[PDB]
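Those protein sequences? They're chains A and B, same order as listed. Read in order, the letters of the first sequence correspond to residues 1 to 77 in this note's numbering. Read in order, the letters of the second sequence correspond to residues 78 to 126 in this note's numbering. First the structure, in the form of structure tokens, and then the observations on it.
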Amino acid sequence: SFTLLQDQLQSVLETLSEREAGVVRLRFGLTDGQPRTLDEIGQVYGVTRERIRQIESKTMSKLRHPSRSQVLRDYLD
Amino acid sequence: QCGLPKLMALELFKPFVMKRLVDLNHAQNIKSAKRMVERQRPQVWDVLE
DNA sequence: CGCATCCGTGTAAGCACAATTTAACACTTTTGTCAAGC
DNA sequence: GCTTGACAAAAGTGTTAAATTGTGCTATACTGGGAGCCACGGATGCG
């Protein structure tokens, strides 16, 4: 089932959000394995710390939507 | 032919039953199907058949 | 050269000092947060 | 939509105290353990 998570939670929700989840891959280190602070993922590009702070909350609100939220309910005990 | 008890057959064929339940959308994922089977809901027996 | 008998075998430290490791405290840097405006 | 600056909380550096661990010393005389509640096959001396 954990591998199935790598098929669902890791993949499909990312395809439908573009960089709104692409930054999340760097946030928790889904690529290269490193979770990264706001500056580290921001300083290399033209986005500031506060903007990433806002984007994280926006993504959290977006994924709280019932349509996306209901799918992942079964992968959390 | 041989007669096999329902309780025994379900426990032997649990993974096949879980797969078939997931395919027919009775369960969302593997954990959901396993939990449904462990409670022995009425819909499990038809899939086992 | 074959048989009888012998052997191998599957009831009583504690102290002192030095050295290393671990925690507690203090301050400083960094991170996330909030409002407000550009 | 994005940026700036003050602020609170969490994460580092370093010093210090403490707990935890390792090594050495003690001069009446004492000097050689104590446990313990079988049958089978292969080989060598003898007649």
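Ideal Cβ placement from N, Cα and C applies to all residues, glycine included.
Interface flag, residue i vs chain B, CB-CB below 8 Å
i	result
A/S67	no
A/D74	yes
A/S1	yes
A/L63	no
A/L4	yes
Nonlocal neighbours in the same chain, by C-beta distance under 6 Å from residue i, ignoring five residues either side
i	result
A/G29	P35
A/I52	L38, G42
Residue i to residue j span [Cα, whole Å]
i	j	result
A/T37	A/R27	7 Å
B/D100	B/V94	10 Å
B/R118	A/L16	35 Å
B/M113	B/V121	8 Å
A/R49	A/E40	9 Å
B/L98	A/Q43	48 Å
B/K108	A/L72	11 Å
A/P66	B/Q78	49 Å
A/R68	A/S11	13 Å
A/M60	A/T3	23 Å
Beta-carbon proximity list for residue i, same chain, < 8 Å, skipping 5 on both sides
i	result
B/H103	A110, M113, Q120, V124
A/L63	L13, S69
Interfacial residues, the stretch 83-114 of chain B to chain A, with Cβ spacing under 7 Å: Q105, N106, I107, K108, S109
Residues, ordered as in the chain, of the stretch 12-38 of chain A that lie near chain B by beta-carbon distance below 9 Å: none
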